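Before any questions on binding or motion, here is one chain by itself as structure tokens, the form deposited in one PDB entry.
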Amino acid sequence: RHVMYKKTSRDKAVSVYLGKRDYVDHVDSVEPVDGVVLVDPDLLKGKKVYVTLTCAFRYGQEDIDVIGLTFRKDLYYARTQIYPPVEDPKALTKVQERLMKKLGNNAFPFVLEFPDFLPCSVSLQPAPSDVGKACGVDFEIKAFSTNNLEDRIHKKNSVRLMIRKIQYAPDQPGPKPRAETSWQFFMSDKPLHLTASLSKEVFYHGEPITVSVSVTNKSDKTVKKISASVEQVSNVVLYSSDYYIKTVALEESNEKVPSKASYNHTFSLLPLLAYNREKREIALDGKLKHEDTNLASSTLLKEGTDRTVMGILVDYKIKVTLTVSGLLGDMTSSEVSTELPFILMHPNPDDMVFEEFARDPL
């Protein structure tokens, strides 16, 4: 039941059709943006029609196109003239052949490649107070008509589609994250040993993360609490050096571990945007008002990269923490912690209808 997405200018002259709203970064390659522009030669006053792909960092507002932006940096730009055809034909995708069958002779195909240096879609949801801290990386497909490229491009003559670049890679094979720490308290004869492990390195939005915690308490002190959490750390790397950290999942266990006792337990942590709607100064992969918006993926920096092109560096870790105390009198508590980095990823996005491009609301 394959769906195609479309959107048209107000002047109805140009009209863009795409196979997807979201194009997948596969780490070593990116699905290109292939679609067709449907023009009306008569409405076009002998004009040419171009399509552009633009990746931009924005800071200060929640879109690149709105006025009031403190800062904008264009990370990538590419333009292709689809009409009149400047020949250079290519092997149409199945999507483009299908689209053209149904749309007829005024459907001209295009393909716009992503380079490998670009970031994925990432957005920082600001605090309701500090909305000037909003920033992110937007991708825009824009088709438009013009007599001369020097001329201003009116909103009526153009059509913008705000696509996403989302990242997926397989979770096997990989390593098993593991972290140990020992702490021998003053006048304890043996130490308290803490161990945490994950089954793999890569997890997908919606996938429970099971943390295996293991405590060997040879101390004289008592473990009074055991918490396991997901922490999202964000580092803005363009315009300003904003830092953010958010707990996006937490499971605790008041089950004590007495002196001279051991304890094994698995936790199951679900870092979903569903349970973090209230939170702000948090990194997402879209606008909060859309259904398809998730938490942000882990930033994968590639060898010899300019970090700053990423716009926002996002990383995830599990934190396991034991709260430890004496049994009576001196109740001074102490924490014993271990951290497990992991990669959070978009899950794999596994006749012909047309839907409007606009993304489903919440």
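Take the two forms, superpose them, and find the largest set of C-alpha atoms that agree within 1.5 Å; that set is the rigid core. Sequential numbering from 1, following the sequence displayed.
Keep in mind the form deposited in another entry is missing from the figure; the text below concerns it.
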Next on the checklist: Core-aligned, between this form and the one not shown, one residue among 127, 86, 187, 261 moves its CA by 2 Å or more. Tell me which.
Outcome noted: 187
Next on the checklist: With a threshold of 2 Å on the C-alpha, tell me if residue 327 counts as moved between this form and the one not shown once the core is superposed.
Outcome noted: yes
Checklist entry - Relative to the form shown here, do the C-alpha atoms of residue 328 and residue 194 sit closer together or farther apart in the other entry, given a change of 3 Å or more? => result closer
Checklist entry - How does the CA gap of residue 188 and residue 216 change in the other entry versus this form, closer or farther, if it moves 3 angstroms or more? => result farther
